[PDB]
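Understanding the architecture of this molecule
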Amino acid sequence: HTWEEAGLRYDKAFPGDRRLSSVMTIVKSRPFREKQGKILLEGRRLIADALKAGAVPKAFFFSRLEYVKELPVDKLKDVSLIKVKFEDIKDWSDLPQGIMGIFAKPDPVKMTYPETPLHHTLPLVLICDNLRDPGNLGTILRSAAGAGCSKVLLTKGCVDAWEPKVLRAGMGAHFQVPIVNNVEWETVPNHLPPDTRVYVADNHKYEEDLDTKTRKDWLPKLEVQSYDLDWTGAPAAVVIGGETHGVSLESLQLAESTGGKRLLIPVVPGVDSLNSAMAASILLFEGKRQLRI
Amino acid sequence: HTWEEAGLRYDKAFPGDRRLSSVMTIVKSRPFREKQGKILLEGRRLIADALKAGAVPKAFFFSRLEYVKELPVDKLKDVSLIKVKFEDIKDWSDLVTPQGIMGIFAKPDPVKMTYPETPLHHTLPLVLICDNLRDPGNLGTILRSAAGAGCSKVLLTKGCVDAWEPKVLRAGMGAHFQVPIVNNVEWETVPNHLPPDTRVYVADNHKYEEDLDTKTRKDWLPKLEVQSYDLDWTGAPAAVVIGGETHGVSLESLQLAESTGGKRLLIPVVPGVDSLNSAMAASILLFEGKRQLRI
Amino acid sequence: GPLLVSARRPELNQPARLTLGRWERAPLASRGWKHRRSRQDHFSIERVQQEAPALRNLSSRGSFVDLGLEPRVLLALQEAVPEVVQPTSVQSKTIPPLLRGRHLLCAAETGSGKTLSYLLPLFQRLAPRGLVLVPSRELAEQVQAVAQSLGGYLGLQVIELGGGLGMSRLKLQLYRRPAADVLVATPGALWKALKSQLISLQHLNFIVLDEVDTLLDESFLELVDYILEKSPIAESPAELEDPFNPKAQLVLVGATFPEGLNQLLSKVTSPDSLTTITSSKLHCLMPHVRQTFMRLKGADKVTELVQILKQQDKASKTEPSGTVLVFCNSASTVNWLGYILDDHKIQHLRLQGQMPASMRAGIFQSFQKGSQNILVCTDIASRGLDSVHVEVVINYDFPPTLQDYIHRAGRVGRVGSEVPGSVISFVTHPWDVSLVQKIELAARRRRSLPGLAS
RNA sequence: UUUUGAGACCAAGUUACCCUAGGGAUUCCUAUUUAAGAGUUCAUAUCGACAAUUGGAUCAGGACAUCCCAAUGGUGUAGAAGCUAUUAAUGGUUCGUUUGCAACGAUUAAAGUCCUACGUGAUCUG
RNA sequence: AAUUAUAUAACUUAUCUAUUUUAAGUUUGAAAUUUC
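Residues numbered from 1 in each chain as written, not as in the entry; some residues may be left out. Chains lettered and ligands numbered in written order. Part of a larger assembly, values for the part shown. Heavy atoms only, no water.

As recorded in the PDB header, cryo-EM is the method behind this entry, and the stated resolution is 4.63 Å.

Here it is in structure tokens:
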């Protein structure tokens with residue numbers, strides 16, 4: 001039953017509707033998300049977060065009409081409002097309390113982040129090195145979101161930030177921090193602001209990025225800088241050892257060449273490389289303290 | 001008949017035992033855990049950390065002997081070692097495929113718990129209080145987060161997740177036993193749990209605060225000055241309070257900080273989103289003290 | 001009457017009583033399948049038989065005793081394989097001549113009892129005592145396991161030899177196991193053993209060739225010739241029973257036979273000394289199996305494929321359902337599709353010919369063990385694969401040839417099948433319209449597919 | 001070009017500007033089409049109505065792989081409690097929250113694990 | 001739609017002009033090819 005009432009339109013799932021089928025292909029497969037430029041949001045709160053952030057949506061699938069009435073329909077311009085089976089929601093979502101929201105793949109550089117972090121937004125970049133855990137990625141973005149990092153870079157092999165599970169892990173952190181994905185190491189220096197010193201927390205699988213002949217003799221003897229020392233005096237960049245690969249070779253070379261050092265957090269045994277959530281969180285904040293002081 | 005192999009003695013269990021059926025319901029049915037007050041530990045390195053960390057063993061069921069070598073043979077001397085059919089192990093746990101071994105544990109005593117000195121080297125004079133926690137994975141991630149950090153002490157108040165609930169412990173992957181934790185602390189005794197007059201800093205900007213306007217949140221309860229998280233708060237012994245997943249801190253927490261001379265910690269977030277995943281909420285604030293104290 | 005052909009467009013639906021004939025060009029549902037604009041136009045061939053054709057008419061076929069099988073063998077057969085209460089048509093015709101030592105050529109479909117057709121005379125008739133040549137390693141595992149199970153009851157040793165295995169690893173397996181009276185080997189590995197002289201065929205008394213058409217593939221044709229020069233072959237049954245001059249009995253089993261095989265057999269034995277038996281259903285369409293044809297693009301195939309999976313998921317949610325076999329022509333599509341399946345959080349297996357031999361063996365056994373209900377496999381799995389419990393065969397990539405389809409088709413509707421088999425094939429664009437046209441035309445005419453002559 | 005090295009290329013709409021191929025139909029009776037119910041059984045021997053020409057709510061049934069209830073052996077069971085085992089599906093197995101894979105809250109003798117085309121609801125009009 | 005799209009048109013460099021220290025890129029598309 002599709003209803004047109006008092007200027008409010010909301011559709012119902014149709015028999016044989018191909019629209020629903022495309023959702024799971026878009027939702028579950030990131031390459032299709034890039035091919036189509038779409039993403040999925042889970043939960044009213046995260047859905048409401050996108051509406052407040054002014055993210056451009058694509059479609060909303062909801063079990064209950066009450067959610068549409070609960071939601072501001074005025075902000076639902078770009079979404080086809082469709083009533084769907086609760087079985088369809090589970091069929092089309094591996095996780096949604098009667099609401100599903102498909103959104104256009106946002107461009108974080110174009111995303112609307114208002115003043116409050118911008119007052120504390122610095123030319124600081126958080127870099128996750130081969131972060132292969134979707135749960136860490138989304139929750140990691142909180143630290144850059146809360147700290148106010150100008151832009152975030154993910155090295156090759158990192159999980160897709162726009163994946164709904166990562167969106168679930170961050171619970172809206174993607175709408176709070178600018179993110180750049182699949183950043184190539186060759187382009188990282190361009191991604192760094194001018195005069196940026198790269199400081200790397202050092203914890204290894206980066207030895208697998210080395211020629212076998214020179215594999216064992218290519219370990220950089222980079223100076224160990226305690227992370228509690230002042231590093232924010234000039235533009236700076238933060239590198240995070242991934243839970244899987246840790247700090248890559250390129251990060252170690254870049255830090256020495258960029259005039260920086262190792263933002264070494266002594267990694268506690270039992271966690272071979274400090275959890276990217278923990279490594280990311282520590283470095284970003286007190287940089288705000290050092291600059292504020 | 002007990003089988004002797006590689007110096008490890010393990011019995012062969014009998015399927016269909018009614019004891020397994022009782023535990024089957026305990027682990028799978030969360031409400032049943034409260035009625036029986038029993039807990040489960042899953043995984044060889046999780047069990048190994050637990051026993052090294054003072055956890056009280058009752059019995060260990062393992063599918064293969066290879067895991068037993070990874071188990072803490074030092075702490076298996078007085079514990080029943082029975083090689084069971086994996087089907088019995090599979091039924092008990094919420095996870096279909098455990099790491100071949102599971103164990104039943106009594107409530108460990110935090111004082112007797114032994115935590116690796118490695119967190120202690122990076123540990124701070126910092127105490128943590130959790131309020132109305134509702135997610136186990138964040139708790140295990142928080143303690144796995146805390147294991148990476150080195151939190152000195154953690155107090156879990158009433159209404160929080162059962163920290164010894166089986167799935168809670170699994171997420172920690174041994175981190176529950178790498179950092180001190182105190183369970184079901186009554187808010188009346190929370191000031192006693194901390195060293196009296198220790199500056200307690202409450203994380204405040206929460207889900208309950210989203211519904212409540214900031215103005216109508218200081219009239220009936222002590223008023224705490226709001227300071228940015230980056231302002232140094234660890235100059236003296238510091239205590240931190242972190243709100244539970246999508247719940248926030250309670251009334252007693254705000255009363256506690258002002259009595260101890262503490263202040264509220266403010267996290268400036270992008271307007272349009274109030275609080276992100278609480279799992280790192282403790283982590284992001286907890287580390288803020290970490291680097292400050294080193295300076 | 002019940003629809004013999006059912007299509008999305010009803011006007012062309014056919015009743016249970018109509019035959020058009022060779023001269024008349026049937027108006028098939030795939031006759032006009034050209035322009036993508038008419039999406040989703042499908043047609044399914046319904047199951048016309050409720051009884052398994054192999055099991056049907058078992059009472060009308062003579063007993064095993066009439067086949068010359070000894071009562072003592074029957075007692076062992078009852079204990080070893082009680083399931084085969086009555087012999088099929090192929091078994092009834094094939095067993096008696098084999099016990100008499102006459103060379104036999106058997107043409108029959110998969111699951112018709114061909115394996116048991118020669119195994120029963122093989123054991124009664126009996127430095128290996130018997131030789132089994134199989135084109136694929138997977139078939140070797142099945143035959144060796146089946147032969148070993150029968151051997152264990154009879155106190156006989158059976159081993160498996162897979163092609164592509166290292167010579168030093170090949171020797172390791174031989175030395176770690178006791179001498180086997182009967183050996184199941186692939187042409188590639190068997191040729192390696194013969195070149196190294198690890199085995200002698202002078203004492204070989206029985207040679208078995210399964211999937212002769214596949215065994216005759218150019219990949220193995222040269223290897224077979226090398227075996228022949230080292231293999232003494234019996235010329236008449238009298239020599240087979242002569243203890244002074246023992247020779248090897250030759251038995252041929254296959255689904256199709258390329259032209260010219262007679263010349264190869266003529267030089268080894270007289271053409272009139274070859275006993276040829278043809279199954280009544282050989283090269284015939286299977287009525288008891290449902291065949292589904294859906295109009296899908298590569299992008300739309302994923303949509304329908306998941307929809308079919310949802311139907312299977314719904315079917316499992318309602319009542320227990322059999323395993324689903326997914327056939328893909330290329331490994332790259334398997335990996336490309338597998339990631340999509342992994343993206344969907346769907347438990348599935350990935351199988352293709354170039355996977356590690358050790359890894360493939362474990363996965364094949366795991367699928368037999370029922371570890372995962374969804375298996376994606378290439379053409380390597382279309383031969384020598386157990387599919388008793390397989391409910392749906394999904395040809396995600398349309399089979400290139402009819403013979404491959406028959407091998408895929410034989411997987412469903414086997415003896416002892418717990419579930420009613422179904423076949424699903426996808427045509428991305430009008431690439432194999434002629435293939436679909438031939439299948440539909442044969443069904444309407446109830447005739448064998450053209451070009452299937454053995 | 002011999003050898004040596006550890007038979008729609010791929011690729012969306014739209015046509016009432018169209019073209020071709022066809023398929024259909026063009027109050028109580030009467031003629032076609034359909035067939036619930038009548039006919040002991042059985043639609044069309046004989047007749048013959050109606051026509052065509054969402055999350056939920058309500059109520060649960062069943063499986064035993066036994067959570068509560070129930071019947072028992074043994075005990076590192078004096079009794080009672082427990083612990084350890086057998087037998088048994090007998091009836092039960094709450095109400096909500098879930099910032100949507102998980103969990104909390106409050107109770108209960110217990111809030112077993114599941115299955116039963118969402119287990120199961122039969123507007124009105126075009 | 002996909003794929004291109006030195007028709008043109010713009011910008012940049014030439015170009016041609018002033019001074020003075022159309023072509024090649026790119027972009028649009030006149031269009032082209034194939035599919036729907």
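Section: the protein's contact with RNA strand D
In the region of RNA strand D, 47 residues are neighbours, and A:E42, A:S63, A:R64, B:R30 and B:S275 sit closest. Near-protein atoms of RNA strand D (within 4 Å) split between backbone and bases, with sugar and phosphate holding 76%. Separating a sugar or linking oxygen of RNA strand D from a side-chain N or O atom of A:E87 is a distance of 3.2 Å. Those elements giving two or more residues to the surface near RNA strand D turn out to be α5 (86–92) of chain A, α1 (18–28), α2 (30–36) and α10 (207–211) of chain B together with α11 (298–318) of chain C. (Near = heavy atom within 4 Å. Polar contact = N/O pair within 3.5 Å; in protein donor to acceptor, adjacent residues only side chain to side chain. Helix = DSSP H or I, 4+ residues; strand = E, 2+ residues; numbered from the N terminus.)

A word on the arrangement of the chains
In this assembly, two pairs of chains are in contact, and the pair contributing the most contacts is chains A and B. A minimum C-alpha distance of 13 Å separates chain B and chain C, which share no contact. (Contact = heavy atoms within 4.5 Å.)

Remarks on the side chain of A:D49
Within the secondary structure, A:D49 sits in helix α3 (residues 44–53). Excluding residues that lie within four positions of it along the chain, A:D49 makes contacts with A:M171, A:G172, B:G272 and B:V273.

A word on the protein's contact with RNA strand E
All names here are of chain C. Every residue close to RNA strand E is listed here: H35, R36 and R39. For RNA strand E, the backbone makes up 100% of the atoms found within 4 Å of the protein, where backbone means sugar plus phosphate. Here a sugar or linking oxygen of RNA strand E sits 2.5 Å away from a polar atom, N or O, in the side chain of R39.

Considerations on the environment of B:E245
All names here are of chain B. With respect to the helices and strands, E245 occurs in the loop between β12 (238–243) and α11 (251–259). Relative accessible area serves as the criterion here: at 6%, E245 is assigned to the buried category. When the C-alpha atoms of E245 and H206 are compared, they prove to be 9.0 Å apart, with 39 residues separating the residues in sequence. When sequence neighbours within four positions are dropped, the list of residues in contact with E245 reads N132, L133, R134, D135, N138, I142, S278 and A279. At 3.3 Å, the side chain of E245 forms a polar contact with the backbone nitrogen of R134. A polar atom in the side chain of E245 sits 3.4 Å from the backbone nitrogen of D135. (Buried < 20%, exposed > 50% of the residue type's maximum accessible area, 1.4 Å probe, protein only.)

What to know about the interface of chain A and chain B
Counting from both sides, the interface comprises 47 residues of chain A and, opposite them, 42 residues of chain B. Between chain A and chain B lies a buried interface of about 4,000 Å² when both sides are counted; carbon and sulfur atoms form 60% of it. Here chain A and chain B share two salt bridges between them. At the surface where chain A touches chain B, the tally comes to 12 residue pairs in polar contact. Among the secondary structure elements, those contributing two or more residues to the side of chain A that touches chain B are α3, α6 (115–118), α7 (134–147), α8 (164–170) and α11 (276–292) of chain A. It is α11(A) that provides the largest number of residues to the side of chain A that touches chain B, a total of 12 residues. Classifying every residue of the side of chain A that touches chain B gives 24 nonpolar, 14 polar and nine charged. (Buried area = accessible area lost by both parts, 1.4 Å probe. Salt bridge = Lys/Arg side-chain N within 4 Å of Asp/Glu carboxyl O. Nonpolar A, V, L, I, M, F, W, Y, C, P; charged D, E, K, R; others polar.)

What to know about unusual backbone geometry
Phi angles above zero are rare outside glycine, and A:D195 is one such case at about 65°. Topologically, A:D195 is positioned in the loop between α9 (188–191) and β10 (197–200). A positive phi is found at B:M173, a non-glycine position, where the angle reads about 55°. Since its relative accessible area comes to 36%, B:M173 is described here as partly exposed.

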